[PDB]
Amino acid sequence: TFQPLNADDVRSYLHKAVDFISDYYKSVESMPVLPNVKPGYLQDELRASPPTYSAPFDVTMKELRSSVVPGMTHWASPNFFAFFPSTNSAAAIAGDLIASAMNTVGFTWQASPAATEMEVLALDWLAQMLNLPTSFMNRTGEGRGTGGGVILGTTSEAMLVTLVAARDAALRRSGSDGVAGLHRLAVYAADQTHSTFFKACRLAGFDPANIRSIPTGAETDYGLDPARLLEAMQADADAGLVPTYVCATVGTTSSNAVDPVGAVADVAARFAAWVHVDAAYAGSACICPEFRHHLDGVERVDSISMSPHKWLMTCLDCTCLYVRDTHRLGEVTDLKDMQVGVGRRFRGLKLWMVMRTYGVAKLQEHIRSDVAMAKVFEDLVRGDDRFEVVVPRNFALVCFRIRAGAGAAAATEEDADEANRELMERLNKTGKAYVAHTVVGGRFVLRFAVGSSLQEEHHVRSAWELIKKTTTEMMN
């Protein structure tokens, strides 16, 4: 007689969750962003073993409020300025809640036609917003495109499955007896490409000796130099190796550098190498015409991925992978075989609800107002000669630091490094900011990632005042 989905529990448990969410957003700014807990704190709060008997849902919610929430890093805080913000929206949450309750597994079209078609629809809609060519689309207005997409869990998964497909294609182009020729395949990316990409290369079985990290410098604002890429790919070809795959990044994690997509595709075309564009974060911006030039040349790459669960108001997980001309690998399906796992949840519903409820114009203004807030912060930094902006700001991420010579406590470039680390730790201890760092050209650098969903312009200005106040009392 125990019914886990009985009508009363479903309504009252979900109403309590909704109440908690409302209160959480209303009060999250009043909490320290970074929690003041040490490793292991939780097992000293909660029971060591699962309970034998049931408890009222109120007990569970009270432990969430008393023991979970205080040990969280509040990504949702308007004062979260770290990594890339996980932007979100009421429609996305609603869509993921409905997907959880229907709880379908879409491993074939027949296993739920609406879920498969909605994911294809969501992908084709976003592709239009990005102005991707018809070669990346499943359905068009009146017919079929020549491409396809799939909604993956992470950008890493997108890299893996396109690495695997390029790997198997190059193994057969080079007359390999199964994987016997795998030790001749080489792969390439700038040194600013995410480290998870080189990990994906090793997971796919590429040889560590043949995984190339191409050095970048400040003379290209740390974007990949196509001449350096050609030099490396030509040297491998002349040495008997097979250039198999190049990853170009639009909007690197560290400093938001941009690889020149068209020029990278031209260089790789000399060797028939697969080209994948990783635009996990900055891809979202490319739904706006003034950012779409960053994807010029996408029509000549093999695949492209971006993550709505960063900068397009869709909660995790939601990474969109697009593949050109899928014939090289009436029915309506996504690229189901280009995932790690056959059967996972219905991720397309929330992406569609975001697009259907808010529309293109509001998504575009969401991007533009984040960029404008980032420009406000950048111009404030540029107005204080104790600081420097270390690279041009391309999107909504600013990299800045206390420069050497800003005070006696920042006399050398190594003293500036420790001053910037000290500033970051002091900001985080206030609870009114979460700032994290990177290293750019050998220098310790603070990142400032604008765009947390509750964040407004006055939050960014207030963070800048706090940075100024903290720096000033550091220089005594």
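Residue indices: 1-based, along the sequence shown.
Q: Checking chain continuity here. Are there deposited residues lacking coordinates between residue 329 and residue 330, and if so is it 1 to 3, 4 to 9, or 10 or more (or none)?
A: Going from residue 329 to residue 330, the model skips 10 or more residues of the deposited sequence.
Q: Name the higher of the two by mean Cα B-factor in the PDB entry, 232-240 versus 89-97.
A: Taking the mean C-alpha B-factor of 232-240 and of 89-97, the larger value falls to 232-240.
Q: Where do the C-alpha atoms have the higher mean temperature factor in this entry, in 211-219 or in 349-357?
A: If you average the C-alpha B-factors of 211-219 and of 349-357, the larger mean comes out for 211-219.
Q: If I read the C-alpha B-factors straight from the PDB entry, which of 309, 202, 362, 344 is highest?
A: Max CA B-factor in the entry, restricted to 309, 202, 362, 344: 344.
Q: Going by the entry, which of 70, 441, 451, 40 has the most elevated CA B factor?
A: If I rank 70, 441, 451, 40 by C-alpha B-factor, first place goes to 441.
Q: Pull the Cα B-factor of residue 36 out of the PDB entry and bin it into the chain's lowest, middle or highest third.
A: Tercile = highest for this residue's CA B-factor.
Q: Check where residue 52 lands among this chain's C-alpha B-factors and tell me if it's the lowest, middle or highest third.
A: For residue 52, whose C-alpha B-factor we compare with every modelled residue in the chain, the answer is the highest third.
Q: Check where residue 110 lands among this chain's C-alpha B-factors and tell me if it's the lowest, middle or highest third.
A: Ranked within chain, residue 110 CA B lands in the middle tercile.
Q: Would you mind ranking residue 421 by its C-alpha B-factor against the rest of the chain and naming the third, lowest, middle or highest?
A: Its C-alpha B-factor belongs to the highest third of this chain's values.
Q: Which third, lowest, middle or highest, does the C-alpha temperature factor of residue 79 belong to within its own chain?
A: Its C-alpha B-factor belongs to the lowest third of this chain's values.
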